[PDB]
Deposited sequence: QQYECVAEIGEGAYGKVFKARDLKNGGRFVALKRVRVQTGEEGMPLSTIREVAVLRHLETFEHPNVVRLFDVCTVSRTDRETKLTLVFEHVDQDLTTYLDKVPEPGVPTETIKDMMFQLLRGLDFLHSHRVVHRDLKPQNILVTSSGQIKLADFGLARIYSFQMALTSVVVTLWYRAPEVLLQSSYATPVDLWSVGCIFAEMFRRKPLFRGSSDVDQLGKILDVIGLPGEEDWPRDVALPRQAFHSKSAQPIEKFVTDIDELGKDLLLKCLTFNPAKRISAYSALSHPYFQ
């Protein structure tokens, strides 16, 4: 065999990720993701999703994890190995937290890799610090995308089950943006209705025209009254970071800022 697994990195709905030894490339560390596929025979939606992943590899974007090899048997993906994710970085950073300019750089690399995905019509749909990898040199690399439970980073339209477009990932970016300063999740709910309730306690109840129609939860189901200043939960944030954070934490996904427009925000000057 060409690879040799040495440890398990994690398992879940994505599959099972292993830390492996690239026996034919000098023994470098790699990440093997095995995923079973119900053959009949392989589903066309899975074959098409792999072609998009190899096409996205041709660009070799620095803010997405590298795809080295693809093997078949039921489906093994060989990615470059990153030593830690975002949670491990936030847990190990000394006091009083992440440097202010380090947050700006990591948020910029996050938006670059996300804009690269949205430019090719790819929605991450599950952006969270657990799948945001931090290179030993400090680079941000996105992982676990393109292949089809914490609700703390779900967009309001996902909790309401209405729309699932690219603004879904920008809401998660806002939740991660606040967690940069807080080093603890901003909206930490225990259910679908609980997560949406703690969201509306901060950003306030949106207008009746902003609430999606033909959803189970109506606007009257929540009495969250008014909004609160964001600097109460996210201390040490500046004016430019506050304006960018609020444009990501917009209820209406149509009024939410895009990853492309977020790259040109005055916060990155």
Practice item. Could you list the ranges of the deposited sequence that have no C-alpha atoms in the model? Key: 41-42, 76-82, 158-170
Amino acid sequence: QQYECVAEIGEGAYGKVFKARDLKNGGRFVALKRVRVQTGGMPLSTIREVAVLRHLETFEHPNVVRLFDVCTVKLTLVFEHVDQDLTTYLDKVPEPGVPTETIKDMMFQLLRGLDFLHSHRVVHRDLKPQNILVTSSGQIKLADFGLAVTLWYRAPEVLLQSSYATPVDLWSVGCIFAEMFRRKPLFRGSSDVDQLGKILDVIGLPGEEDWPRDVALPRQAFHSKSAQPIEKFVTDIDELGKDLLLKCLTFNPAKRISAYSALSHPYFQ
From here on, numbers count along this sequence of modelled residues.
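We call the rigid core whatever largest set of C-alpha positions still superposes within 1.5 Å between the two forms.
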Study note, to complete from the structure: RMS over structures and residues, CA atoms, rigid core fit in 9 other deposited structures of this protein: 191-199 vs 75-83, larger is 75-83
Exercise for review: Just give me the stretch that moves more in 9 other deposited structures of this protein: 16-24 or 249-257, judged by RMS C-alpha distance after a core fit.
Suggested key: 16-24
Check your understanding: Counting the other entries of this protein, is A31 left out in at least a third of them?
Key -> no
Point to revise | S224 dropped in a third or more of the other entries | key: yes
Practice item. Read off the CA B-factors in the entry, average them over 89-97 and over 102-110, and name the higher stretch. Key: 89-97
Check your understanding: What stretch has the higher average Cα B-factor here, 208-216 or 37-45?
Key -> 37-45
Exercise for review: Please pick out which of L32, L244, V70, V64 has the largest Cα B-factor as recorded in the entry.
Suggested key: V70
Revision key, fill the gap. Chain thirds by Cα B factor, record data; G12 belongs to the highest
Revision key, fill the gap. On the chain's distribution of Cα B-factors, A262 falls within the third called lowest
Review point. Lowest, middle or highest third: where is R28 by C-alpha B factor in its chain?
Key: lowest
Review point. Is the Cα B-factor recorded for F181 in the lowest, middle or highest third of its chain?
Key: highest
Review point. Thinking about Cα B factors across the chain, which third does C175 belong to?
Key: lowest
